[PDB]
Amino acid sequence: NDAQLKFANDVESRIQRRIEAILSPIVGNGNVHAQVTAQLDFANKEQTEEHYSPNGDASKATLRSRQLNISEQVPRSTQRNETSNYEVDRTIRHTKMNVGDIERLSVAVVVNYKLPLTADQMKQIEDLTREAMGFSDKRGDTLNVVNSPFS
Amino acid sequence: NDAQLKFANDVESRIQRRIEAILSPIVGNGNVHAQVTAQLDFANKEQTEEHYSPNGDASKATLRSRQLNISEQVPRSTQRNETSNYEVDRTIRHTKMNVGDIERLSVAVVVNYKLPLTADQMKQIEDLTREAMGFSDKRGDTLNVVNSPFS
Amino acid sequence: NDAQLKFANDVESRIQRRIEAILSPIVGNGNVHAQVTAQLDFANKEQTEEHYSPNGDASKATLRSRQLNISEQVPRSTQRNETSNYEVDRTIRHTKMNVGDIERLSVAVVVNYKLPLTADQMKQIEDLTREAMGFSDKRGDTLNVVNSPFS
Amino acid sequence: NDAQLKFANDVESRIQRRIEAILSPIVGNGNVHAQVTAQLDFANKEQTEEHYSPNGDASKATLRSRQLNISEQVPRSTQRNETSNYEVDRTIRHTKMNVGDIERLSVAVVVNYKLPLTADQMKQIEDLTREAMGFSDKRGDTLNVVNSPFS
Amino acid sequence: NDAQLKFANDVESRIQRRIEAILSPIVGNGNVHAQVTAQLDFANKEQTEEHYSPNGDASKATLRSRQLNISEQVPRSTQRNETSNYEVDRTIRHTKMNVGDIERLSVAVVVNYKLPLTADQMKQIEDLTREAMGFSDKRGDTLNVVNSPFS
């Protein structure tokens, strides 16, 4: 359980070094700081699907057997007994999920002044950090980059 | 689990060296920096499909047995008892997926000035990096190449 | 599973040496650089097909047995009881796929100037590299060759 | 798995030495370079066919037994009960395919100038390389021979 | 293993020495070069045929038993019950194919000048090489003999 905090720090440290490695050529060697918060999924999760292809249409069903009796007397006594045995398409997936994936990333980046960086330069700083995190709106990641003078 | 972070770093390092090896002849030995973020699938995953070819059409069904009784009296008492046993085509795929594939790549590339590189030169830099990652819109890969003066 | 990265590097380095060996006589000993990205299939995959030839036509069906009773009274009471047992043609393919095949190749080639190479020379440089990769539109391979001055 | 790359290199090396051995007497000892890309099938594959000769025609069917009852009263009650047991011709092929065959060949040949070689001399250079490959349009082989001044 | 490439080289070397041994007396000791490409079948293959001679004709059928009841009343109630048991001719071929046969040969022959050889002399050079390969249009063999000055 204590090794899960060491693991989460290893995940955050690599994303942090990656952001400070792609922004240091732009703003300067020490004019950028990044902090990464990684929510990691440490739950053991097993799953087993079992899908069947629908055979409701006769032009795609696979019959194994079929007994079709059709009687008719003409006062029109009509009978139609039909027994059908099918062979069904079946996919069985079995996934044992990985323990230690990333549920969500929260990244805060501060860049020094030089004078406020133009909206153009800050627009591309956000898009590069967005690629250094592995940003994904599916995970609900959040990124905040502010420009303010250092101390 | 800690070996999965070393493995993901080995994947990113190779994609990164490959981008800096095909762009260094163009922009310069040290006028380009690349950072790769690889989302890897470490989940164990088995799958067993089992498809059957449809035999609803009589011109492609394979009969093993067939008992076709046809009675008829002529007041037209008509019977037609038909039992069919089929041999069915069957494919059975069993895939044990590989643990450690790439789900998604996020690559950020910064190239130095020389003056802003023309839109022609930057368009071919993007398409070369696109081939060095192994870019695939199926995986949802993202690539960001910006042109900004270094420090 | 890190030997799969060493294996994927052997695959890429052989395709790379093959491109720099067929273009070196044309453009020069060091006026070409190639980088290959190979997506390799490391999934264990079994498969067992089982096709049957259709015997719906009587001129190509193989009968093992046949009991054909045909009664007829003449008020025309007609009967026709027909049982048929068939011998069916059957193919059974069992394929154990190879672990380590190539799903897709992404090759990036840069060639030095000398002045921009004519569209004639660049069109044949692409066709040679296309043969050195083993390019196949079935795999969805991508190739990019750009002409730009080196450094 | 790595022995499959050494094997694929052995296949390509032999096709390459054979092309440079049949073109060296023509264009010169060092005025030709060839690169071969072999796609080898390393999948284990078994197959078991089982064909039956059709016996729908009575002039080629082989009867083991036959019970033919024919009743007839004359108001014309007619019966005809016919049971038939057949001996069927059967072929059973069992093929265990070879691991390491060639799926596809990609050969790129460059020949030096001397002045561009005439269309006559280049047409026969293509036909000899076509025979040194083992070229086959069934495998989808591709061959590219360009004439370009060396360096 | 790699022993199949050593075996295929042994097959090609013998066909090659045979071509250069029947053409050396004609064109000269070193005025001819041949390269042979052998596509060999290394698949294990068993086959079991089982043919039956048709006995539909009564003048060539072999009866073991026969019960022929023929009733007749004369209003003409006629019966004819005929049971037949046959002895059938049966051939059973079992072939275990040879591993290492030749599926296809591709031979390229170049002969020196002396002046272009007469179309008469080149027509008989092609027909001799055709006999030194073991040429067979069933296998789809290909032969290319060109006449061009050496170096």
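FYI, side chains are in, hydrogens and waters are out, and symmetry mates aren't considered; it's all heavy atoms of this structure. Each chain gets a letter, A, B and so on, in the order the sequences are listed, and its residues count up from 1.
- Of the residues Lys60(A), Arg66(A), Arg64(A), the one that meets the salt bridge (charged side-chain N to carboxylate O under 4.0 Å, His left out) test with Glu87(A) is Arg64(A).
- Residues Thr95(E) and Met97(E) meet the side-chain proximity criterion, which asks for heavy atoms closer than 4.5 Å.
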Practice task
Given salt bridge (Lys or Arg N to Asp or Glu O under 4.0 Å), test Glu12(B) with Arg18(A) step by step and report yes or no.
Solution key: CA-CA 11 Å; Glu12(B) 295 158 8; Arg18(A) 190 181 308 128; 3.3 Å; yes
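- Interatomic distance, CG of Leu68(C) versus CD of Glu82(D), reported as 6.0 Å (0.5 Å rounding).
- We find the OG1-CD distance between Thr78(C) and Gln73(B) to be 9.5 Å, quoted to the nearest 0.5 Å.
- Within the 4.5 Å cutoff, no side-chain heavy atoms of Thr62(D) are placed close to those of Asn55(D).
- Contact check for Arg80(B) versus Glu72(B): no side-chain heavy atoms found under the 4.5 Å cut-off.
- No side-chain heavy atom of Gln35(B) sits under 4.5 Å from any side-chain heavy atom of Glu131(A).
- Looking at heavy atoms from C-beta onward, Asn81(A) lies out of side-chain contact with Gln67(A) at the 4.5 angstrom threshold.
- At least one donor-acceptor pair under 3.5 Å links the side chain of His94(D) to the backbone N or O of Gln47(D).
- Between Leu63(C) and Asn85(C), the closest side-chain pair of non-hydrogen atoms is not below 4.5 Å.
- Of the residues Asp137(C), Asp141(C), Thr142(C), the one that meets the side chain to side chain donor-acceptor pair (under 3.5 Å) test with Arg139(C) is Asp141(C).
- Within the 4.5 Å cutoff, side-chain heavy atoms of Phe7(A) are placed close to those of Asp2(B).
- Using a 4.5 Å heavy-atom cutoff, the side chains of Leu40(D) and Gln4(D) are not in contact.
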